[PDB]
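Student: Sharing a structure here in structure tokens format.
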Amino acid sequence: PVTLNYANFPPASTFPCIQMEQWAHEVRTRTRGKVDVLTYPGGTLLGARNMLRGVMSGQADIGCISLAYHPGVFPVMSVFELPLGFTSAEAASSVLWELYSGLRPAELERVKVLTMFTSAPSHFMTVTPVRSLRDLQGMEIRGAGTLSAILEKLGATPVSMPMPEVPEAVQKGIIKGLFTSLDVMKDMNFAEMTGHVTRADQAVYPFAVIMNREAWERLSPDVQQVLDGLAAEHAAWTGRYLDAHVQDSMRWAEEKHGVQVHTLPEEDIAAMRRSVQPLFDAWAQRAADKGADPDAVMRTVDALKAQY
Ligand SMILES: O=C(O)C(=O)Cc1c[nH]c2ccccc12
């Protein structure tokens, strides 16, 4: 029997940790006890920033990274931080894993990628109501990576930070809100901090579950095929869990904490779409600057969405 240490950064209650536990359960079951997983939620082994380097140095065997936390590092897979039209985490997660699987971009060659998944679409959670784009102007809102770039295009003031730092930043007035999926209203108790939600139907945050190359290579071919054979099913499972849980989270937030929900006017939604359009070109240019083929990437994103 081998035991793999799986690091994660956010609290045990949140979806990246929930999925980690489910994955560990399946690994134990499907390897008939040959592989065990010892999990470290809440950043006790590796945190959000040192996750990638700590898995690569072998301080942990496995880890969970939010790609948006690593600017410049993932020129190809960062396409999934653009608004690609997904309305559910289940579809986005499945297409993300298929894109990685089909392109295997060099940016991730130095780790083994065990599976991938995404958050649900991003919305605004704020301390004061946002009923129009006018209300967002100059407002300090948390994002990361290209999600922060989206905020800047919309006229907000992005402040980038990893999820575990967000509650204090809101509590202490460093930011006025955050831009991400609504599961955190419950799972991190933002319902008691940000009493206003504005629909945005925006981009998702992509994640990878990564494994130290040497740890992976120390696994037998039969155990490898088991972990590989879990990857696609688990991507979908994670998105599916999250989709349902987002609805539960908002129900609890509205009913038990009086959260107010707002929608933007149609004209603001159209203007919002136009203002973020140039980020696609900027993504493509960075990708090409790094030797990748963004036309091919977008052709594959389009095909995989159509297949779905
Ligand atoms: O990766 C991020 O920081 C996100 O905003 C995506 C996300 C949505 N819900 C979460 C719960 C815990 C950690 C990250 C996220």
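Using Swiss-Prot numbers, chain A covers 31-338, in order.
Note that Cβ sites are derived from N, Cα and C of the backbone, with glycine treated the same way.
From Swiss-Prot, here are the annotated features:
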- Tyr99, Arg172, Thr210, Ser211, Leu212, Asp213, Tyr235: (indol-3-yl)acetate binding site (BINDING)
Student: According to DSSP, collapsed to three classes, what secondary structure does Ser211 ((indol-3-yl)acetate binding site) have?
Tutor: coil
Student: Looking only at DSSP and grouping its letters into three states, which state does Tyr99 ((indol-3-yl)acetate binding site) belong to?
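Tutor: The residue in question, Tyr99 ((indol-3-yl)acetate binding site), is helix (DSSP, three-state).
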Student: Would you say which of the binding-site residues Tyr99, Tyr235 has the most Cβ atoms within 10 Å of its own Cβ?
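Tutor: When each Cβ's neighbours within 10 Å are tallied, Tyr235 leads.
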Student: Write out the long-range same-chain contacts of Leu212 ((indol-3-yl)acetate binding site), meaning residues 6 or more apart in sequence whose Cβ is under 8 Å from its Cβ.
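Tutor: Expected: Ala150, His153, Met155, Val227, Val276, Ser279, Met280, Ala283.
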Student: Rounded to whole angstrom, what's the largest C-alpha distance between any two of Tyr99, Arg172, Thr210, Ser211, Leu212, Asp213, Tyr235, listed as binding (indol-3-yl)acetate?
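Tutor: Roughly 19 Å, rounded to the nearest whole number.
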Student: When the Cβ positions of the binding-site residues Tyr99, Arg172, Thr210, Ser211, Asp213, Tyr235 are compared with the atoms of ligand 1, which fall under 6 Å?
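Tutor: Close enough to ligand 1 are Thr210, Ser211, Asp213, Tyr235.
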